[PDB]
Amino acid sequence: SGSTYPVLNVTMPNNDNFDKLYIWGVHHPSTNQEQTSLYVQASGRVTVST
Amino acid sequence: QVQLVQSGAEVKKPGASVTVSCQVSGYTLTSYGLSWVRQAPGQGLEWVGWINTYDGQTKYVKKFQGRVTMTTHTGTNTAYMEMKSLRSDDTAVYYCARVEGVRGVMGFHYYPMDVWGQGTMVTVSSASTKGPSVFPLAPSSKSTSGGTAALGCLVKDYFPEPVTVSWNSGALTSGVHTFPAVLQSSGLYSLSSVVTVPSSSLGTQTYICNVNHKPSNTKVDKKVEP
Amino acid sequence: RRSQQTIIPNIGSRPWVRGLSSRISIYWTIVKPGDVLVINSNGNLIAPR
Ligand SMILES: *[C@@H]1O[C@H](CO)[C@@H](O[C@@H]2O[C@H](CO)[C@@H](O[C@@H]3O[C@H](CO[C@H]4O[C@H](CO[C@H]5O[C@H](CO)[C@@H](O)[C@H](O)[C@@H]5O)[C@@H](O)[C@H](O[C@H]5O[C@H](CO)[C@@H](O)[C@H](O)[C@@H]5O)[C@@H]4O)[C@@H](O)[C@H](O[C@H]4O[C@H](CO)[C@@H](O)[C@H](O)[C@@H]4O)[C@@H]3O)[C@H](O)[C@H]2NC(C)=O)[C@H](O)[C@H]1NC(C)=O
Ligand SMILES: *[C@@H]1O[C@H](CO)[C@@H](O[C@@H]2O[C@H](CO)[C@@H](O[C@@H]3O[C@H](CO[C@H]4O[C@H](CO)[C@@H](O)[C@H](O)[C@@H]4O)[C@@H](O)[C@H](O[C@H]4O[C@H](CO)[C@@H](O)[C@H](O)[C@@H]4O[C@H]4O[C@H](CO)[C@@H](O)[C@H](O)[C@@H]4O)[C@@H]3O)[C@H](O)[C@H]2NC(C)=O)[C@H](O)[C@H]1NC(C)=O
């Protein structure tokens, strides 16, 4: 957004009594400019955890 | 440090149905079994049903099979106890304690139930909710017995117990003694709260019992004077 | 002298547990007779006793 990509950090509890299945993914930039442009800092990183 | 939250004491007419809920803290109920025991007033204890979280197994008393039924919200860490087509007599206190009989065991026997829940008070009586009648009680004559005087209030013919009596919003916490209500042959309880205030102020300070009833939503304040 | 294993720490907030938003990844390495073990960490290491 704009000129910055703040380290996104959110959360989601599973109050429901049934197992939840979250499907996510990571993007693999083809170039550095594409990376630094679409993601600001050239070094991306995803950390899903339960 | 394992706590057990039990659904607020409920009351319903015979033929109707209620459901007790149990919460757990610390050790996940999932890795622990559970059973419920009824505690009829000064009647001893009686085991009712048994469930096993993460095991979906259930065993009930030959007596109330069908009527009662277990349930478990593995997601919220709380167990449920369902009772349909209730019976007048069945009313009593209910509890929920841990059980070891889990996984391979299945059978309850071996396990020595631990940590019982504060409890849930249910009641079954064809008597519908009623508004408490507040009547003032002052000395028939200055008591002058031993010391001071005894003045109070009388809430009669009300259901379902109990209603909190607060003398002057709590201004009078000294001497107050509310005696245990009693079941009238009619079916409606009645309690009394008396205070021990100096007989040298029978006209200096007035007294009012703030009888607030949640069941009837009846807030009646009365004045007590000789 | 047989296999090789290299791990990289993953900084980031995660589900709070026992009062901590951090974690520790467990890794085991078997060392056959005669063979030798080696540990070359820059940090975030949890060496065994
Ligand atoms: C030795 O110990 C073992 C384990 O303690 C014990 O095995 C249990 O045996 C009892 C009775 O024999 C079983 O209870 C019955 O379960 C019926 C079906 O529901 C249960 O089983 C589901 C599927 O069964 C299979 O599960 C897997 C394959 O999926 C397989 O390995 C098993 O061998 C079995 O064939 C199972 O999915 C389900 O639980 C799931 O869902 C819960 C939900 O939260 C989840 O938490 C679990 O992780 C799991 O995913 C469930 O456990 C059930 O219909 C039956 O009901 C009786 O009572 C009703 C009335 O209430 C009657 O109408 C009905 O006719 C039945 O009499 C009963 O509850 C139990 O499933 C076995 N496993 C468990 C949970 O321990 C052996 O019996 C022991 N040996 C002996 C014989 O002493
Ligand atoms: C990245 O995004 C995540 C999104 O989750 C974000 O949140 C982290 O989540 C954890 C938990 O999910 C949060 O931790 C909470 O912290 C509060 C605050 O602690 C202070 O206040 C307490 C008193 O209130 C003090 O004792 C303490 O010293 C601190 O000053 C805790 O209160 C929370 O735990 C209790 O409260 C919960 C809320 O009501 C209850 O649900 C829970 O059961 C806890 O109860 C405790 O007391 C009970 C007493 O009866 C006892 O029985 C229980 O066992 C238990 O001990 C909770 O721990 C926290 O905000 C986030 N953690 C991090 C990373 O800091 C991340 O913050 C974010 N990353 C960042 C930093 O940007």
# chains A, B, ... in the order shown; residues from 1 in each chain; ligands from 1
>>> residues_around(residues="residue 16 (chain A)", least_positions_apart="5", cutoff="10 Å", atoms="only C-alpha atoms", output="PyMOL selection string")
chain B and resi 73-76
>>> residues_near_ligand(ligand="ligand 1", cutoff="7 Å", atoms="only C-alpha atoms and all ligand atoms", output="JSON, numbers by chain")
{"B": [53, 54, 55, 56, 57, 58, 74, 102, 103, 104, 105, 106]}
>>> residues_around(residues="residue 3 (chain C)", least_positions_apart="4", cutoff="12 Å", atoms="only C-alpha atoms", output="list in words")
residues 28, 29, 30, 31, 32, 35, 36, 37 and 38 of chain C
>>> write_last_selection(atoms="N, CA and C atoms", output="PDB file, in the first residue's frame")
ATOM      1  N   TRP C  28      16.823 -33.901  15.271  1.00  0.00           N
ATOM      2  CA  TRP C  28      17.688 -34.966  15.761  1.00  0.00           C
ATOM      3  C   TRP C  28      18.666 -35.417  14.680  1.00  0.00           C
ATOM      4  N   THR C  29      19.877 -35.773  15.096  1.00  0.00           N
ATOM      5  CA  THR C  29      20.903 -36.222  14.163  1.00  0.00           C
ATOM      6  C   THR C  29      21.654 -37.425  14.725  1.00  0.00           C
ATOM      7  N   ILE C  30      21.488 -38.574  14.079  1.00  0.00           N
ATOM      8  CA  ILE C  30      22.146 -39.802  14.509  1.00  0.00           C
ATOM      9  C   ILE C  30      23.581 -39.852  13.994  1.00  0.00           C
ATOM     10  N   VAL C  31      24.507 -40.228  14.871  1.00  0.00           N
ATOM     11  CA  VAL C  31      25.916 -40.315  14.506  1.00  0.00           C
ATOM     12  C   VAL C  31      26.412 -41.753  14.623  1.00  0.00           C
ATOM     13  N   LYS C  32      26.634 -42.398  13.481  1.00  0.00           N
ATOM     14  CA  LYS C  32      27.110 -43.777  13.465  1.00  0.00           C
ATOM     15  C   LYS C  32      28.536 -43.918  13.984  1.00  0.00           C
ATOM     16  N   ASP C  35      32.062 -42.324  12.758  1.00  0.00           N
ATOM     17  CA  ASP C  35      31.702 -41.047  12.155  1.00  0.00           C
ATOM     18  C   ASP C  35      31.836 -39.943  13.201  1.00  0.00           C
ATOM     19  N   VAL C  36      31.841 -38.691  12.754  1.00  0.00           N
ATOM     20  CA  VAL C  36      31.975 -37.560  13.665  1.00  0.00           C
ATOM     21  C   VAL C  36      30.860 -36.532  13.481  1.00  0.00           C
ATOM     22  N   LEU C  37      30.564 -35.799  14.550  1.00  0.00           N
ATOM     23  CA  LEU C  37      29.528 -34.772  14.528  1.00  0.00           C
ATOM     24  C   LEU C  37      30.144 -33.377  14.520  1.00  0.00           C
ATOM     25  N   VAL C  38      29.444 -32.431  13.902  1.00  0.00           N
ATOM     26  CA  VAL C  38      29.908 -31.051  13.822  1.00  0.00           C
ATOM     27  C   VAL C  38      28.732 -30.081  13.882  1.00  0.00           C
TER      28      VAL C  38
END
>>> closest_atom_pairs(of="chain B", to="ligand 2", cutoff="9 Å", atoms="only C-alpha atoms and all ligand atoms", output="Markdown table")
| residue | atom | partner | partner_atom_place_in_ligand_line | distance |
| --- | --- | --- | --- | --- |
| B:1 | CA | ligand 2 | 52 (O) | 8.0 |
| B:2 | CA | ligand 2 | 52 (O) | 8.5 |
| B:3 | CA | ligand 2 | 52 (O) | 8.5 |
| B:25 | CA | ligand 2 | 52 (O) | 6.9 |
| B:26 | CA | ligand 2 | 54 (O) | 6.7 |
>>> closest_atom_pairs(of="chain A", to="chain C", cutoff="7 Å", atoms="only C-alpha atoms", output="JSON lines")
{"residue": "A:47", "atom": "CA", "partner": "C:12", "partner_atom": "CA", "distance": 6.6}
{"residue": "A:49", "atom": "CA", "partner": "C:14", "partner_atom": "CA", "distance": 5.9}
{"residue": "A:50", "atom": "CA", "partner": "C:15", "partner_atom": "CA", "distance": 5.8}
>>> write_last_selection(atoms="N, CA, C and O atoms", output="compact mmCIF listing (two decimals), in the first residue's frame")
# COMPACT_ATOMS: atom_id res chain seq x y z
N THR A 47 4.95 -16.50 7.51
CA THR A 47 5.07 -17.32 8.71
C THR A 47 3.73 -17.72 9.32
O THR A 47 3.32 -17.17 10.34
N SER A 49 1.31 -19.98 11.45
CA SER A 49 1.55 -20.82 12.62
C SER A 49 0.33 -20.97 13.51
O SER A 49 -0.49 -20.06 13.64
N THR A 50 0.21 -22.15 14.11
CA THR A 50 -0.89 -22.45 15.01
C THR A 50 -0.31 -22.77 16.38
O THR A 50 0.91 -22.81 16.55
>>> closest_atom_pairs(of="chain A", to="chain B", cutoff="9 Å", atoms="only C-alpha atoms", output="JSON lines")
{"residue": "A:14", "atom": "CA", "partner": "B:75", "partner_atom": "CA", "distance": 7.5}
{"residue": "A:15", "atom": "CA", "partner": "B:75", "partner_atom": "CA", "distance": 5.9}
{"residue": "A:16", "atom": "CA", "partner": "B:75", "partner_atom": "CA", "distance": 5.5}
{"residue": "A:17", "atom": "CA", "partner": "B:75", "partner_atom": "CA", "distance": 3.5}
{"residue": "A:18", "atom": "CA", "partner": "B:75", "partner_atom": "CA", "distance": 6.8}
{"residue": "A:19", "atom": "CA", "partner": "B:75", "partner_atom": "CA", "distance": 8.8}
>>> residues_around(residues="residue 38 (chain A)", least_positions_apart="2", cutoff="12 Å", atoms="only C-alpha atoms", output="PDB file with N, CA and C atoms, in the first residue's frame")
ATOM      1  N   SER A   1       0.839  -1.193   0.000  1.00  0.00           N
ATOM      2  CA  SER A   1       0.000   0.000   0.000  1.00  0.00           C
ATOM      3  C   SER A   1       0.876   1.246   0.000  1.00  0.00           C
ATOM      4  N   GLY A   2       0.631   2.141  -0.950  1.00  0.00           N
ATOM      5  CA  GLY A   2       1.421   3.354  -1.029  1.00  0.00           C
ATOM      6  C   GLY A   2       2.886   3.033  -1.244  1.00  0.00           C
ATOM      7  N   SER A   3       3.741   3.531  -0.357  1.00  0.00           N
ATOM      8  CA  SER A   3       5.175   3.291  -0.466  1.00  0.00           C
ATOM      9  C   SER A   3       5.704   2.343   0.606  1.00  0.00           C
ATOM     10  N   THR A   4       4.811   1.617   1.273  1.00  0.00           N
ATOM     11  CA  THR A   4       5.243   0.704   2.327  1.00  0.00           C
ATOM     12  C   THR A   4       4.417  -0.568   2.497  1.00  0.00           C
ATOM     13  N   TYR A   5       5.087  -1.621   2.957  1.00  0.00           N
ATOM     14  CA  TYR A   5       4.457  -2.914   3.206  1.00  0.00           C
ATOM     15  C   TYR A   5       4.761  -3.265   4.658  1.00  0.00           C
ATOM     16  N   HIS A  27       4.165 -16.040  -2.916  1.00  0.00           N
ATOM     17  CA  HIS A  27       4.480 -15.645  -4.285  1.00  0.00           C
ATOM     18  C   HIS A  27       5.984 -15.663  -4.535  1.00  0.00           C
ATOM     19  N   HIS A  28       6.376 -16.183  -5.694  1.00  0.00           N
ATOM     20  CA  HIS A  28       7.782 -16.260  -6.072  1.00  0.00           C
ATOM     21  C   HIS A  28       8.091 -15.299  -7.216  1.00  0.00           C
ATOM     22  N   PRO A  29       8.467 -14.053  -6.884  1.00  0.00           N
ATOM     23  CA  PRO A  29       8.794 -13.030  -7.880  1.00  0.00           C
ATOM     24  C   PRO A  29       9.789 -13.532  -8.920  1.00  0.00           C
ATOM     25  N   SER A  30       9.576 -13.145 -10.172  1.00  0.00           N
ATOM     26  CA  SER A  30      10.457 -13.554 -11.254  1.00  0.00           C
ATOM     27  C   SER A  30      11.662 -12.625 -11.357  1.00  0.00           C
ATOM     28  N   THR A  31      11.535 -11.429 -10.791  1.00  0.00           N
ATOM     29  CA  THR A  31      12.616 -10.447 -10.817  1.00  0.00           C
ATOM     30  C   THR A  31      12.688  -9.678  -9.499  1.00  0.00           C
ATOM     31  N   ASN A  32      13.820  -9.020  -9.262  1.00  0.00           N
ATOM     32  CA  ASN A  32      14.012  -8.241  -8.043  1.00  0.00           C
ATOM     33  C   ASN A  32      13.138  -6.994  -8.053  1.00  0.00           C
ATOM     34  N   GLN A  33      13.064  -6.332  -9.204  1.00  0.00           N
ATOM     35  CA  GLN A  33      12.249  -5.132  -9.337  1.00  0.00           C
ATOM     36  C   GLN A  33      10.783  -5.459  -9.071  1.00  0.00           C
ATOM     37  N   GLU A  34      10.344  -6.625  -9.535  1.00  0.00           N
ATOM     38  CA  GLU A  34       8.968  -7.064  -9.328  1.00  0.00           C
ATOM     39  C   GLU A  34       8.746  -7.271  -7.833  1.00  0.00           C
ATOM     40  N   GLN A  35       9.766  -7.812  -7.177  1.00  0.00           N
ATOM     41  CA  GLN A  35       9.742  -8.077  -5.743  1.00  0.00           C
ATOM     42  C   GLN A  35       9.691  -6.774  -4.951  1.00  0.00           C
ATOM     43  N   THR A  36      10.707  -5.939  -5.140  1.00  0.00           N
ATOM     44  CA  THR A  36      10.799  -4.662  -4.441  1.00  0.00           C
ATOM     45  C   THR A  36       9.629  -3.736  -4.757  1.00  0.00           C
ATOM     46  N   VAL A  40       7.756  -4.099  -1.756  1.00  0.00           N
ATOM     47  CA  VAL A  40       8.647  -3.188  -1.050  1.00  0.00           C
ATOM     48  C   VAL A  40       9.955  -3.919  -0.739  1.00  0.00           C
ATOM     49  N   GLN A  41      10.296  -4.061   0.542  1.00  0.00           N
ATOM     50  CA  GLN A  41      11.533  -4.743   0.923  1.00  0.00           C
ATOM     51  C   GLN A  41      11.740  -5.959   0.021  1.00  0.00           C
ATOM     52  N   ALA A  42      12.932  -6.066  -0.556  1.00  0.00           N
ATOM     53  CA  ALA A  42      13.269  -7.155  -1.467  1.00  0.00           C
ATOM     54  C   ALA A  42      13.208  -8.565  -0.882  1.00  0.00           C
ATOM     55  N   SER A  43      13.242  -8.685   0.440  1.00  0.00           N
ATOM     56  CA  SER A  43      13.197 -10.005   1.062  1.00  0.00           C
ATOM     57  C   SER A  43      11.845 -10.310   1.698  1.00  0.00           C
ATOM     58  N   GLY A  44      11.013 -11.051   0.973  1.00  0.00           N
ATOM     59  CA  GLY A  44       9.703 -11.408   1.486  1.00  0.00           C
ATOM     60  C   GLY A  44       9.799 -12.534   2.498  1.00  0.00           C
TER      61      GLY A  44
END
>>> select_by_dssp(residues="chain A", states="helix (DSSP H, G or I)", output="number ranges by chain")
A: 32-39
>>> residues_around(residues="residue 224 (chain B)", least_positions_apart="4", cutoff="10 Å", atoms="only C-alpha atoms", output="ChimeraX atom specification")
/B:135-139,151-153,202,206-209
>>> atom_distance(atom1="CA of residue 120 (chain B)", atom2="CA of residue 166 (chain B)")
24.9 Å
>>> atom_distance(atom1="CA of residue 38 (chain B)", atom2="CA of residue 182 (chain B)")
22.2 Å
>>> residues_around(residues="residue 44 (chain C)", least_positions_apart="6", cutoff="12 Å", atoms="only C-alpha atoms", output="list in words")
residues 7, 8, 9, 10, 11, 22, 23, 24 and 25 of chain C
>>> decode(residues="region 55-84 of chain B", atoms="N, CA and C atoms", output="PDB file, in the first residue's frame")
ATOM      1  N   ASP B  55     -13.677 -39.330  22.565  1.00  0.00           N
ATOM      2  CA  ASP B  55     -13.994 -40.755  22.560  1.00  0.00           C
ATOM      3  C   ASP B  55     -15.463 -41.010  22.227  1.00  0.00           C
ATOM      4  N   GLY B  56     -16.259 -39.946  22.227  1.00  0.00           N
ATOM      5  CA  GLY B  56     -17.673 -40.060  21.914  1.00  0.00           C
ATOM      6  C   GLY B  56     -18.381 -41.297  22.439  1.00  0.00           C
ATOM      7  N   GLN B  57     -18.059 -41.698  23.664  1.00  0.00           N
ATOM      8  CA  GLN B  57     -18.689 -42.865  24.276  1.00  0.00           C
ATOM      9  C   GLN B  57     -19.673 -42.360  25.323  1.00  0.00           C
ATOM     10  N   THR B  58     -20.776 -43.078  25.510  1.00  0.00           N
ATOM     11  CA  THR B  58     -21.783 -42.658  26.478  1.00  0.00           C
ATOM     12  C   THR B  58     -22.484 -43.817  27.179  1.00  0.00           C
ATOM     13  N   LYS B  59     -22.624 -43.697  28.495  1.00  0.00           N
ATOM     14  CA  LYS B  59     -23.285 -44.717  29.300  1.00  0.00           C
ATOM     15  C   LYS B  59     -24.196 -44.015  30.303  1.00  0.00           C
ATOM     16  N   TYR B  60     -25.442 -44.472  30.399  1.00  0.00           N
ATOM     17  CA  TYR B  60     -26.402 -43.857  31.309  1.00  0.00           C
ATOM     18  C   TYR B  60     -27.004 -44.825  32.319  1.00  0.00           C
ATOM     19  N   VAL B  61     -27.699 -44.264  33.305  1.00  0.00           N
ATOM     20  CA  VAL B  61     -28.356 -45.056  34.336  1.00  0.00           C
ATOM     21  C   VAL B  61     -29.558 -45.745  33.706  1.00  0.00           C
ATOM     22  N   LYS B  62     -29.764 -47.012  34.046  1.00  0.00           N
ATOM     23  CA  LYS B  62     -30.892 -47.763  33.511  1.00  0.00           C
ATOM     24  C   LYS B  62     -32.183 -47.008  33.809  1.00  0.00           C
ATOM     25  N   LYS B  63     -32.172 -46.262  34.907  1.00  0.00           N
ATOM     26  CA  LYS B  63     -33.333 -45.498  35.350  1.00  0.00           C
ATOM     27  C   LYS B  63     -33.775 -44.358  34.434  1.00  0.00           C
ATOM     28  N   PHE B  64     -32.847 -43.482  34.057  1.00  0.00           N
ATOM     29  CA  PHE B  64     -33.197 -42.340  33.216  1.00  0.00           C
ATOM     30  C   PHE B  64     -32.711 -42.403  31.770  1.00  0.00           C
ATOM     31  N   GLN B  65     -32.489 -43.602  31.242  1.00  0.00           N
ATOM     32  CA  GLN B  65     -32.028 -43.716  29.861  1.00  0.00           C
ATOM     33  C   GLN B  65     -33.009 -43.049  28.903  1.00  0.00           C
ATOM     34  N   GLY B  66     -32.470 -42.297  27.949  1.00  0.00           N
ATOM     35  CA  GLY B  66     -33.310 -41.605  26.989  1.00  0.00           C
ATOM     36  C   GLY B  66     -33.624 -40.205  27.476  1.00  0.00           C
ATOM     37  N   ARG B  67     -34.187 -40.120  28.678  1.00  0.00           N
ATOM     38  CA  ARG B  67     -34.539 -38.842  29.282  1.00  0.00           C
ATOM     39  C   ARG B  67     -33.324 -37.922  29.294  1.00  0.00           C
ATOM     40  N   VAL B  68     -32.205 -38.443  29.783  1.00  0.00           N
ATOM     41  CA  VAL B  68     -30.967 -37.679  29.857  1.00  0.00           C
ATOM     42  C   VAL B  68     -30.075 -38.024  28.668  1.00  0.00           C
ATOM     43  N   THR B  69     -29.148 -37.126  28.349  1.00  0.00           N
ATOM     44  CA  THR B  69     -28.221 -37.326  27.240  1.00  0.00           C
ATOM     45  C   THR B  69     -27.021 -36.392  27.354  1.00  0.00           C
ATOM     46  N   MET B  70     -25.839 -36.926  27.062  1.00  0.00           N
ATOM     47  CA  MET B  70     -24.607 -36.156  27.138  1.00  0.00           C
ATOM     48  C   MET B  70     -24.290 -35.405  25.851  1.00  0.00           C
ATOM     49  N   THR B  71     -23.373 -34.450  25.953  1.00  0.00           N
ATOM     50  CA  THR B  71     -22.954 -33.646  24.811  1.00  0.00           C
ATOM     51  C   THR B  71     -21.604 -33.024  25.147  1.00  0.00           C
ATOM     52  N   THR B  72     -20.821 -32.688  24.127  1.00  0.00           N
ATOM     53  CA  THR B  72     -19.511 -32.088  24.357  1.00  0.00           C
ATOM     54  C   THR B  72     -19.081 -31.160  23.228  1.00  0.00           C
ATOM     55  N   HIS B  73     -18.734 -29.930  23.585  1.00  0.00           N
ATOM     56  CA  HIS B  73     -18.266 -28.956  22.609  1.00  0.00           C
ATOM     57  C   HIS B  73     -16.744 -28.960  22.660  1.00  0.00           C
ATOM     58  N   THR B  74     -16.139 -29.942  21.999  1.00  0.00           N
ATOM     59  CA  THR B  74     -14.686 -30.057  21.967  1.00  0.00           C
ATOM     60  C   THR B  74     -14.050 -28.734  21.563  1.00  0.00           C
ATOM     61  N   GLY B  75     -14.823 -27.905  20.868  1.00  0.00           N
ATOM     62  CA  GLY B  75     -14.319 -26.621  20.420  1.00  0.00           C
ATOM     63  C   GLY B  75     -14.288 -25.524  21.468  1.00  0.00           C
ATOM     64  N   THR B  76     -15.232 -25.544  22.404  1.00  0.00           N
ATOM     65  CA  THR B  76     -15.284 -24.514  23.439  1.00  0.00           C
ATOM     66  C   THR B  76     -14.805 -24.994  24.806  1.00  0.00           C
ATOM     67  N   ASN B  77     -14.383 -26.253  24.884  1.00  0.00           N
ATOM     68  CA  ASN B  77     -13.908 -26.823  26.141  1.00  0.00           C
ATOM     69  C   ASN B  77     -15.010 -26.848  27.194  1.00  0.00           C
ATOM     70  N   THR B  78     -16.209 -27.250  26.786  1.00  0.00           N
ATOM     71  CA  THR B  78     -17.345 -27.318  27.700  1.00  0.00           C
ATOM     72  C   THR B  78     -18.215 -28.529  27.385  1.00  0.00           C
ATOM     73  N   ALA B  79     -18.716 -29.182  28.428  1.00  0.00           N
ATOM     74  CA  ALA B  79     -19.570 -30.350  28.260  1.00  0.00           C
ATOM     75  C   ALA B  79     -21.021 -29.966  28.526  1.00  0.00           C
ATOM     76  N   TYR B  80     -21.952 -30.743  27.979  1.00  0.00           N
ATOM     77  CA  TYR B  80     -23.371 -30.471  28.173  1.00  0.00           C
ATOM     78  C   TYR B  80     -24.122 -31.675  28.722  1.00  0.00           C
ATOM     79  N   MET B  81     -25.178 -31.394  29.477  1.00  0.00           N
ATOM     80  CA  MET B  81     -26.014 -32.430  30.066  1.00  0.00           C
ATOM     81  C   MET B  81     -27.457 -32.054  29.748  1.00  0.00           C
ATOM     82  N   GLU B  82     -28.124 -32.880  28.946  1.00  0.00           N
ATOM     83  CA  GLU B  82     -29.503 -32.609  28.557  1.00  0.00           C
ATOM     84  C   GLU B  82     -30.515 -33.485  29.286  1.00  0.00           C
ATOM     85  N   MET B  83     -31.588 -32.859  29.758  1.00  0.00           N
ATOM     86  CA  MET B  83     -32.647 -33.562  30.472  1.00  0.00           C
ATOM     87  C   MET B  83     -34.001 -33.102  29.943  1.00  0.00           C
ATOM     88  N   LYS B  84     -34.677 -33.985  29.214  1.00  0.00           N
ATOM     89  CA  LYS B  84     -35.982 -33.679  28.637  1.00  0.00           C
ATOM     90  C   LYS B  84     -37.096 -34.302  29.476  1.00  0.00           C
TER      91      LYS B  84
END
